[PDB]
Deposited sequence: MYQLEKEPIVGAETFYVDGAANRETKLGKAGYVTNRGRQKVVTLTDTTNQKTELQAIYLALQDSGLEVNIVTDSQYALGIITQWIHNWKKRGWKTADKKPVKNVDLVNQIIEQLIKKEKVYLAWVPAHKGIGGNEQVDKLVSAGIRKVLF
């Protein structure tokens, strides 16, 4: 893949990703739930909300087939990734989380097709609410 899909890929698994991190303990979780009934969560040490969001996208790319829809609510993650795929297109190959954004880009290009979309957090979107509950458990006191 060298460019993202403009629209959802019909017949491809859709991953709803999210991450949460505790400001005090710096413990966090990254994870996904999919429309095919799969879930995964991993716990991360010494992490940040932004890092968990990138890690969740990495997990979705690792565990998905060659065509995949990924729905994030992270403005940062979508922004920093998008900035890469556009750069690539016009300038060719970030300061924070550089190793991780690179791992993600290297995953993306090996896919056949990827649709990556943003939705607003805590607005009742079903898959998104489910994964948020998963990664926030034991991490985020209250909303």
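Sequence ranges 94-99, 150 have no coordinates in this entry (deposited sequence, numbered from 1, C-alpha basis).
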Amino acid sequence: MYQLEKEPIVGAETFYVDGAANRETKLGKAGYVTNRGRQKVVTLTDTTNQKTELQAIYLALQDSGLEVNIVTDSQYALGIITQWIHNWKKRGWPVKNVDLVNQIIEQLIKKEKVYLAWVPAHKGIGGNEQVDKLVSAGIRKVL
From here on, numbers count along this sequence of modelled residues.
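Stretches 104-112 and 79-87 differ in mean CA B factor, with 79-87 having the higher one. With 41-49 and 64-72 compared on mean CA B-factor from the PDB entry, the stretch scoring higher is 41-49. When the modelled residues of the chain are ordered by C-alpha B-factor, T34 sits in the lowest third. Per the deposited record, the Cα B-factor of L59 falls in the lowest third when ranked against the other modelled residues of its chain.
Compared with the other modelled residues of the chain, the Cα B-factor recorded for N22 ranks in the highest third. Annotation for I9: CA B-factor lies in the middle third of the chain's modelled residues.
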